[PDB]
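*Asks:*
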Amino acid sequence: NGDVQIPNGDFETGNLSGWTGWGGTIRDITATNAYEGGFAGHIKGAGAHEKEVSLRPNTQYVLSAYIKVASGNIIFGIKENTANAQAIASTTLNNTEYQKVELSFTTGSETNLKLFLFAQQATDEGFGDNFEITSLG
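For the sequence shown, counting from 1, position 1 maps to 10 in PDB author numbering; every step adds exactly one.
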């Protein structure tokens, strides 16, 4: 039903397999601060957790994930997987308990996108589990 498969978007394998990213004073999985199952993602410092997704062109999709912010602000969004990365959508979170975040977005002709969970500073730290992308129509 339009639901796109995101390998280990639940972090339920226990490791960061199927995920990428850069930097971070903490870029690791977490068991104590999961939203569902045994694990979730953990980011802190200057870095981000990122994932490559392959979607159909010119389609409306919903990007959703559960996210808890420990300090500062966490940038949840998706962008094109190219240089001069065109950020399709994003949101700036500071909610301290786990909440569902949903971003409506539309793909252009680029099919190769990259979601991210981004902490710009060390004062920024949070977690995200249950990453999902579904096609609306």
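Yeah, the Cβ is synthetic: ideal placement off N, Cα and C, and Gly gets one too.
Evaluate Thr116 with the Cβ neighbour count: other Cβ atoms within 10 Å of its Cβ, from every protein chain shown; 16 or more gives buried, anything less gives exposed.
*Replies:* buried
*Asks:* Pop quiz: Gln129 and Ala55 are said to be a contact at Cβ under 8 angstroms. What is the actual Cβ separation, rounded to whole angstroms?
*Replies:* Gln129 to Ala55, Cβ: 6 angstroms. Contact.
*Asks:* For a test of the three-state rule: what should DSSP assign to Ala43, helix, strand or coil?
*Replies:* coil
*Asks:* Take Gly146 and list the residues in its own chain whose beta-carbon comes closer than 7 angstroms to its own, dropping the five residues that flank it on each side.
*Replies:* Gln69
*Asks:* For my contact list, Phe114 and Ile97 are in at a C-beta cut-off of 8 angstroms; report their separation, rounded to the angstrom.
*Replies:* 5 angstroms
*Asks:* Assuming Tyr107 and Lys77 are in contact, meaning their beta carbons sit under 8 angstroms apart, how far apart are those beta carbons, in whole angstroms?
*Replies:* 4 angstroms
*Asks:* How close, in whole Å, do the beta carbons of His51 and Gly30 come, if the pair is a contact with beta carbons under 8 angstroms?
*Replies:* Contact flag wrong, Cβ pair sits at about 11 angstroms.
*Asks:* Looking at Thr101 and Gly11, is the spacing between their C-beta atoms short of 7 angstroms?
*Replies:* no
*Asks:* Leaving out the 5 sequence neighbours to the left and right, which residues in its chain are closer than 7 angstroms to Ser63 when beta-carbon positions are compared?
*Replies:* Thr120 and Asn121
*Asks:* Please report how far the alpha carbon of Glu134 lies from the alpha carbon of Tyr75, in whole angstroms.
*Replies:* 14 angstroms
*Asks:* Report buried or exposed for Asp138, applying the criterion of at least 16 other Cβ atoms within 10 angstroms of its Cβ.
*Replies:* So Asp138 counts as buried.
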